[PDB]
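Encoded as C-alpha cells, the structure appears first; notes follow it.
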Amino acid sequence: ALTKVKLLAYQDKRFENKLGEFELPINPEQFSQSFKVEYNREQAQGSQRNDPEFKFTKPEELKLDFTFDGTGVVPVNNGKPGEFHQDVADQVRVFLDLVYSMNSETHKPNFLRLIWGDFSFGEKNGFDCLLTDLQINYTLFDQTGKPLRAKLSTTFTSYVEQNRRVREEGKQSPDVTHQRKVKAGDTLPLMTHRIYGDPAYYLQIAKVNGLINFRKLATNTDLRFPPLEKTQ
Amino acid sequence: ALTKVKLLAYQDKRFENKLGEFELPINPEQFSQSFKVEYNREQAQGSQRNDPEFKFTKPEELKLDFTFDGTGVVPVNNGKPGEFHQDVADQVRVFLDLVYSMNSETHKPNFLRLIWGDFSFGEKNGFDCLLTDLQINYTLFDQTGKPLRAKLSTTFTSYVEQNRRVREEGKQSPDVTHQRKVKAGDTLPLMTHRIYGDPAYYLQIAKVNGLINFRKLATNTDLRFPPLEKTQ
Amino acid sequence: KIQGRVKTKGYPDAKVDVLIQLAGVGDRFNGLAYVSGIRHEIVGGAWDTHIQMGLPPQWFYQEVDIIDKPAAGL
Amino acid sequence: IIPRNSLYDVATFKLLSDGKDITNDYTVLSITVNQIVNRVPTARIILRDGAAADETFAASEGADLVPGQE
Amino acid sequence: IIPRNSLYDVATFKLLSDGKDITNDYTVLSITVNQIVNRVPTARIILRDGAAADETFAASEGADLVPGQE
Amino acid sequence: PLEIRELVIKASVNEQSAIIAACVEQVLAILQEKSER
Amino acid sequence: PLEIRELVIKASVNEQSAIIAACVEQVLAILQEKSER
Amino acid sequence: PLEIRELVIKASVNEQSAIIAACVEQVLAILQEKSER
Numbered sequence: 002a003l004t005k006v007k008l009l010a011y012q013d014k015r016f017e018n019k020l021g022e023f024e025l026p027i028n029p030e031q032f033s034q035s036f037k038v039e040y041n042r043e044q045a046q047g048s049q050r051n052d053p054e055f056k057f058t059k060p061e062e063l064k065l066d067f068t069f070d071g072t073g074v075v076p077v078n079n080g081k082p083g084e085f086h087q088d089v090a091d092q093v094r095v096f097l098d099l100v101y102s103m104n105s106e107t108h109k110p111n112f113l114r115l116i117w118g119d120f121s122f123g124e125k126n127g128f129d130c131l132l133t134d135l136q137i138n139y140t141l142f143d144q145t146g147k148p149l150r151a152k153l154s155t156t157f158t159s160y161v162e163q164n165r166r167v168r169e170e171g172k173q174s175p176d177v178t179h180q181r182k183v184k185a186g187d188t189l190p191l192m193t194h195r196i197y198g199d200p201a202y203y204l205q206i207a208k209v210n211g212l213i214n215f216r217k218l219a220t221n222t223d224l225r226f227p228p229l230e231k232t233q
Numbered sequence: 002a003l004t005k006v007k008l009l010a011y012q013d014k015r016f017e018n019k020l021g022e023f024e025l026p027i028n029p030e031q032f033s034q035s036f037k038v039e040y041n042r043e044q045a046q047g048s049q050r051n052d053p054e055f056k057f058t059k060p061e062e063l064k065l066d067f068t069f070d071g072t073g074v075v076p077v078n079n080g081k082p083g084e085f086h087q088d089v090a091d092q093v094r095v096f097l098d099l100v101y102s103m104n105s106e107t108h109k110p111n112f113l114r115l116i117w118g119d120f121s122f123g124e125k126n127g128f129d130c131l132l133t134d135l136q137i138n139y140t141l142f143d144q145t146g147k148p149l150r151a152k153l154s155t156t157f158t159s160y161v162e163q164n165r166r167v168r169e170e171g172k173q174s175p176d177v178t179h180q181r182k183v184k185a186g187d188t189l190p191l192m193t194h195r196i197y198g199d200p201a202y203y204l205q206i207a208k209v210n211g212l213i214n215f216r217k218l219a220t221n222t223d224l225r226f227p228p229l230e231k232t233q
Numbered sequence: 296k297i298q299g300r301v302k303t304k305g306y307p308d309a310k311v312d313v314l315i316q317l318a319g320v321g322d323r324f325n326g327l328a329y330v331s332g333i334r335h336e337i338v339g340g341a342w343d344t345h346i347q348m349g350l351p352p353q354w355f356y357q358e359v360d361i362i363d364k365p366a367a368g369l
Numbered sequence: 005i006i007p008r009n010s011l012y013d014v015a016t017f018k019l020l021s022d023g024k025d026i027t028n029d030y031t032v033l034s035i036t037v038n039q040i041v042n043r044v045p046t047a048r049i050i051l052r053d054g055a056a057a058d059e060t061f062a063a064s065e066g067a068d069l070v071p072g073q074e
Numbered sequence: 005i006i007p008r009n010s011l012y013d014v015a016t017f018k019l020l021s022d023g024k025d026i027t028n029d030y031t032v033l034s035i036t037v038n039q040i041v042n043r044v045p046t047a048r049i050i051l052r053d054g055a056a057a058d059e060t061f062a063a064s065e066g067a068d069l070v071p072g073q074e
Numbered sequence: 002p003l004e005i006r007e008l009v010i011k012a013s014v015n016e031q032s033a034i035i036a037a038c039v040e041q042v043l044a045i046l047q048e049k050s051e052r
Numbered sequence: 002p003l004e005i006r007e008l009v010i011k012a013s014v015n016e031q032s033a034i035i036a037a038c039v040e041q042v043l044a045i046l047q048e049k050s051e052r
Numbered sequence: 002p003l004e005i006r007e008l009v010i011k012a013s014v015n016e031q032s033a034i035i036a037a038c039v040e041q042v043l044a045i046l047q048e049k050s051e052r
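Chains as they are written, first to last, in PDB author numbering: chain A, 2 to 233; chain B, 2 to 233; chain C, 296 to 369; chain D, 5 to 74; chain E, 5 to 74; chain F, 2 to 16, 31 to 52; chain G, 2 to 16, 31 to 52; chain H, 2 to 16, 31 to 52.
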C-alpha cells in the first residue's frame with residue numbers, strides 16, 4: 002500500500018479542534034528543512050580569537066513543491082479499474098480554502114499540521130506550521146479555457162505556543178531541589194561542586210541534613226540540595 | 002470551438018459601467034499568480050523557537066506574456082477561408098488606449114477584468130486588476146517601416162473596494178448574537194466555553210434564558226448567546 | 296578670532312594650554328594657534344586624537360543658570 | 005607624532021582600579037577621554053557583559069567597577 | 005502576560021467617536037497612547053487619506069474627526 | 002564641528032559611521048541658527 | 002515641517032537624502048513635545 | 002532611553032527602523048551633556 006501526504010487544518014492554537022484535511026494526489030519528490038542559532042560576536046581589543054555568547058534559536062523553515070495533473074494518465078489510488086485524475090480546479094479550490102483564506106471566526110488563516118505516514122522530523126511525527134509563501138503556474142489548458150496542469154511551490158514556518166514552549170525547555174538550574182545518594186568514593190565538597198558549581202556551599206549543606214561529622218560519610222545516605230535564594 | 006482571453010475595461014470602481022473590451026488574437030502559453038502573508042517575528046531573549054503573530058495579507062500578483070504577429074501565416078478565427086492576421090499597429094493602438102492611457106473623466110487609467118472562458122482563479126471566474134508594468138519589443142519590420150511582429154510582457158495587481166472587502170471578511174466574534182439547540186450530551190458550561198472561550202459566563206447565560214435549574218437541560222431548547230459589551 | 300578643530304593619529308604627548316604651528320591652509324589661517332582641548336579615542340584597537348583651537352566668545356554666566364528662582368520655588 | 009625609537013606600532017593601554025590592574029580580567033570594547041579648559045575632565049568606558057543563559061551580569065556583580073572607586 | 009483562556013492571539017482594538025464605533029469606516033495605520041505620572045495623558049492616531057485624482061481629502065471633510073469631539 | 006564635546010561617541014567594534036555624523040551636524044546647525052535675531 | 006528655517010540645507014551635487036530628512040522631523044518632534052505641561 | 006517620552010513614534014506599516036533610533040540616542044546624549052558644569 003502507498004501512503005500519501007496529509008495536511009490537517011485546525012482552529013485551536015492548542016491543535017485540538019480539527020477543521021479539515023487535504024490529501025495530495027501525487028507525493029513530492031523531495032523537500033527541505035532549515036535550522037539556525039544566534040550568538041553574540043563582539044570582541045575585545047587586540048585579542049586573538051573569541052568565545053561567543055548564546056542569544057537564541059530561530060524557528061525552522063520548510064520548502065515543498067508539487068503538481069496537479071488532469072489529462073487522464075495518472076491513476077487514482079482507489080482500486081477502481083479505468084480511473085485517472087481529471088479535475089484540477091476542484092483541487093486548487095479546496096486547497097486554497099483550507100490553507101490560505103481567512104477564517105470568519107478567528108480573523109486569520111488556520112493552523113496546519115503536516116504528516117507523511119511513518120516519516121519522523123525528529124522527536125515527533127508531524128510538523129506544526131503556518132503558510133507564508135505560495136506560487137502557482139498554469140501550463141496547459143483545455144479548448145474551453147479550463148486548466149489541465151498546475152505546479153505549486155510553498156514555504157512554511159514553524160509554530161509552537163508559549164505555555165508549551167516553556168515546558169519543552171525544562172530548565173533545570175539552582176532554582177529547584179536536588180536529591181543524591183552517597184556511593185563509594187563520594188565526598189561532600191565534590192558533590193556540592195557538581196551541583197552548584199562552587200564547593201564553598203558545603204558547610205550549609207551539612208547543616209540542612211544534620212551531619213555531625215561531614216568528613217566521613219555513609220554510603221546509603223540520601224542528601225537534599227535546596228535551591229538558592231532568588232536575589233542576593 | 003476555441004475560446005479566447007478577454008479584457009474588460011470599466012470606469013466604475015464597483016465594476017458596473019463597462020467601457021470596452023479587447024480580445025487577444027493568440028492565447029498565452031502560460032501565466033503565473035503570486036500570494037503572500039505577513040507575520041510578526043519578534044522573539045524573547047534566550048528562548049528556543051517562537052509563535053509568530055498575524056499582521057496582514059497582501060494583494061496578489063499576476064504575470065502574462067503574449068504576441069502580435071502580422072506576416073500572414075496565423076489564421077483569423079472568423080470562419081472565412083483564406084484569412085490571416087496582417088495588422089499589428091491597430092492592435093497595439095486599441096490595446097494601449099484601453100488599458101494604459103488616462104481617462105478624461107476620472108483622471109486615471111481604467112479598471113480591468115480578465116476572463117478566459119471556463120477558467121477559475123478560485124471562488125470566482127475573473128480577475129479584477131490594474132496594470133502596473135508593460136514592455137513591448139518590435140522584432141520584424143516592413144520595407145516602409147511598419148512592424149510585423151511585437152512581443153508584450155505585462156504585470157497586473159489585484160484590486161477590491163473597501164465596502165466589499167469588509168463584507169468578504171464576514172468577521173464573526175463575540176460582537177454578534179448566537180443561537181444553539183441543546184442535543185444529547187450537552188452541558189451549559191461546555192457550550193459557553195465553545196462560544197465565548199471561557200466557561201465563567203455560564204451564570205449570566207442561564208439568567209438570559211430564564212433557567213431555574215441549569216444543571217439538567219432539556220433536549221429541544223434553543224438558547225440565545227448575546228454579544229459582549231464593547232468596552233470593559 | 297579664529298576657531299577650529301583638527302583630527303590626526305594617536306599622539307601621546309598632547310597637552311592643553313600650549314601653542315602649535317598650523318600650516319598648509321592659506322595665508323589667512325597659517326600661524327601659531329592656541330590649544331583649548333583634547334580628546335583621545337581607543338575603539339577596537341585604533342587610536343586617534345582631536346585637537347581644538349580657540350576659545351568661545353560667550354561669557355560663562357550667559358550659558359548656565361546659576362541663580363535660584365523667586366520665593367525659593369515654593 | 006609617532007614617538008621616536010618605536011620598533012613596533014602596536015598601541016596599548018592600562019586600566020587600574022584602586023591600584024590593581026584589571027585590563028585583562030574583562031572584555032574591554034572602547035575608551036574615550038576628554039580634557040577641556042574651564043571644564044571637569046571626563047572619561048567613558050564600554051565593556052561587554054550579559055548572558056541570557058546565565059541570567060546575570062557577572063562583571064556588574066564584581067567589586068572592581070562600583071561607584072566610588074579610583 | 006498573555007491573558008489566560010485566550011484561544012487565539014489576534015490583537016484587536018476599537019475607536020469610538022461621540023459614542024459611535026468608527027473603526028471599520030476608515031483605514032487606520034497606527035495608534036499610540038501614553039500614560040505618565042504628573043503629566044496629561046496623550047494619544048496619536050494616523051490614518052491613510054488623500055487622492056490626487058479626486059483632489060480632496062475625504063475623511064478630513066467628514067464629521068467624525070474634527071476638533072472638539074470625545 | 003568646531004567643538005570637541007559635540008562629537009559622537011563610538012561604541013561598536015565590528016563595523031555607516033559616516034551617516035550618523037552627517038545627521039548630527041545638520042541638527043545642530045538647524046538648532047543653533049534658531050536662536051539668533 | 003511647518004517652518005522654513007527648520008529645513009535641512011543641501012550641500013552635495015553628486016547623489031539617501033530622504034533619510035536625513037526623516038531623522039530630523041523625529042528629533043524636533045521629540046524635543047518640542049518635551050516643553051508642554 | 003530612560004524615559005518613555007523620548008521614544009520615536011512609528012508611522013509606517015510597510016517595512031531601517033534601527034538606524035533612526037541610534038541616531039536619536041546620540042543627539043540627546045550630545046545635548047544633555049552640554050548642560051553640566
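Idealized CB from N, CA, C, for every residue including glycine.
Between E:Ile-5 and chain H, the shortest Cβ-Cβ separation is not below 8 Å. Non-local C-beta neighbours of B:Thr-178 in its own chain, meaning closer than 7 Å and more than five positions away in sequence, comprise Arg-225, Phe-226, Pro-227, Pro-228, ordered along the chain. At a cut-off of 8 Å between beta-carbon atoms, C:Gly-319 makes no contact with chain A.
One alpha carbon belongs to A:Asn-210, the other to D:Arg-48, and they sit about 50 Å apart. Separation of B:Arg-181 and B:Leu-212 (C-alpha to C-alpha, rounded to the nearest whole angstrom) is 15 Å. For the region 118 to 146 of chain B, residues whose beta-carbon sits nearer than 8 Å to a beta-carbon of chain A comprise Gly-118, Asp-119, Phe-120, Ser-121, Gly-123, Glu-124. In this chain, the beta strand (DSSP E) harbouring B:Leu-135 covers 128 to 142.
Using a Cβ-Cβ cut-off of 9 Å, D:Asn-38 is close to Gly-332, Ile-333, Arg-334, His-335 of chain C, given in chain order. Taking a Cβ-Cβ threshold of 9 Å, the residues of chain D close to C:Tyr-306 are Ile-5, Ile-6, in chain order. By the Cβ neighbour-count rule, C:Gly-340 is exposed, with fewer than 16 other Cβ atoms within 10 Å of its own. By the C-beta criterion, the region 145 to 158 of chain A is judged not to be in contact with the region 27 to 47 of chain A, since fewer than 3 inter-stretch pairs fall below 8 Å. Scanning the region 8 to 59 of chain A for uninterrupted beta strand (DSSP E) segments of 3 residues or longer gives 19 to 24, 32 to 35, 38 to 41, 54 to 58, listed from N- to C-terminal end. By the CB criterion at 8 Å, E:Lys-18 and B:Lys-56 fall outside the cutoff.
Counting along the chain, the unbroken alpha helix (DSSP H) around A:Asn-210 starts and ends at 203 to 210. Here the alpha carbons of B:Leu-115 and B:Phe-157 stand approximately 10 Å from one another. When the five nearest sequence neighbours on each side are left out, the beta carbons in the same chain lying within less than 7 Å of the beta carbon of A:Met-192 are those of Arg-181, in order along the chain.
For F:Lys-49, no CB of chain D lies under 8 Å from its own CB, so it is not counted at the interface with that chain. Three or more Cβ pairs closer than 8 Å define a contact, and the region 358 to 365 of chain C falls short of that threshold against the region 39 to 47 of chain F. A distance of 8 Å or more separates the beta carbons of C:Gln-347 and F:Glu-40.
Annotation for A:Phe-96: the continuous alpha helix (DSSP H) segment containing it runs 89 to 100.
With the rule of 3 Cβ pairs closer than 8 Å, the region 103 to 123 of chain A counts as touching the region 15 to 34 of chain A. CA-to-CA, the gap between D:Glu-59 and A:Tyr-197 works out to about 15 Å. By DSSP's assignment, A:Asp-70 forms a beta bridge with A:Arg-150.
Taking 8 Å as the cut-off, the Cβ atoms of D:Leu-51 and D:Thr-31 count as close.
Among the residues facing chain E, H:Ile-34 is not included, as its CB has no counterpart in that chain under 8 Å away.
For A:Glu-162, the closest C-alpha among the options A:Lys-14, A:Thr-133, A:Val-75 is that of A:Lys-14. Think of a sphere of 9 Å around the beta carbon of H:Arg-6: the chain G residues whose beta carbon falls inside it are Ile-45, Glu-48, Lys-49, in chain order.
In this chain, the beta strand (DSSP E) harbouring C:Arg-334 covers 326 to 338.
Looking from the CA of B:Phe-122, the closest CA among B:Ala-2, B:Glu-61, B:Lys-5, B:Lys-184 belongs to B:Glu-61. For B:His-194, the secondary structure class from DSSP, reduced to helix, strand or coil, is helix. Relative to the Cα of B:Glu-30, the nearest Cα in the group A:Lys-59, A:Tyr-139, A:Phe-128 belongs to A:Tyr-139. Taking CB atoms only, A:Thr-107 has a neighbour in chain E less than 8 Å away. The C-alpha of D:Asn-42 is placed about 12 Å away from the C-alpha of C:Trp-354. D:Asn-42 has no beta-bridge partner at all, per DSSP.
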